[PDB]
Amino acid sequence: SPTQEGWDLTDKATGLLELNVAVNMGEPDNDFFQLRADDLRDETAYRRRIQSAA
Amino acid sequence: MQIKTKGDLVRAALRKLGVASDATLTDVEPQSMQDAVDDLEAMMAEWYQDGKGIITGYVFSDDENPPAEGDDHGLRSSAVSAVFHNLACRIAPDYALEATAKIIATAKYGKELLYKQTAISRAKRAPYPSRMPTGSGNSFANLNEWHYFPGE
């Protein structure tokens, strides 16, 4: 708020001003990965791939 | 080996048939040699069924390089006898001949020996079916949580 010094303050009455900011979001962070069925690694590695993704 | 060209294979086949050789007072015409080279190319192409037949290392000539004769056949030292014996058998009818029993037997034996190692290589077993369990004995499979074989 402002502040004025004096006794007579005719036509010196101020208004009110309140400022604001905006918060937003970007884009998702993904871990798209495929799982070939005909490969031995299909169950050997996908769990730990999930953990490494986290 | 002294047989390093398609023309050399044709000459060996003609020598085996008894038609033309280094010692004969008469020789075959260059047109006949070209026709025999064409017959050899046709036979080799029929054998090598675009990679699904008899693998021999035969190198097919191209039209850009004019003379088919003079190209190295690329065959290994163990296939030359079979190739030229079957070539003699194939080009026998041109001269109203008939390949003799020994030549026919050698051609059959050579073709069998040509396909022997390729057949050994292709005799492969298919993997486990898609519905076959891995079993509890395979502790790696049990701990990695794949209880059934992938297949295909």
# chains A, B, ... in the order shown; residues from 1 in each chain; ligands from 1
call {"tool": "residues_around", "arguments": {"residues": "residue 95 of chain B", "least_positions_apart": "4", "cutoff": "12 Å", "atoms": "only C-alpha atoms", "output": "tab-separated table (two decimals) with C-alpha atoms, in the first residue's frame"}}
result
chain	number	residue	atom	x	y	z
B	14	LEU	CA	33.65	-82.41	-73.56
B	17	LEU	CA	32.34	-87.22	-73.31
B	18	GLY	CA	35.15	-87.81	-75.80
B	19	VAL	CA	34.09	-85.01	-78.15
B	20	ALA	CA	36.96	-82.51	-77.92
B	28	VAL	CA	34.28	-78.02	-81.10
B	32	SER	CA	29.14	-74.84	-79.35
B	36	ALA	CA	27.54	-75.33	-73.45
B	88	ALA	CA	28.76	-83.57	-69.40
B	89	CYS	CA	25.57	-85.48	-68.61
B	90	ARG	CA	23.45	-82.42	-69.45
B	91	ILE	CA	25.18	-81.52	-72.73
B	99	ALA	CA	26.63	-90.16	-71.04
call {"tool": "interface_residues", "arguments": {"of": "chain A", "to": "chain B", "cutoff": "12 Å", "atoms": "only C-alpha atoms", "output": "list in words"}}
result
residues 36, 37, 38, 39, 40, 41, 42, 43, 44, 45, 46, 47 and 48 of chain A
call {"tool": "select_by_dssp", "arguments": {"residues": "chain B", "states": "helix (DSSP H, G or I)", "output": "ChimeraX atom specification"}}
result
/B:6-17,30-47,80-95,101-122,139-144
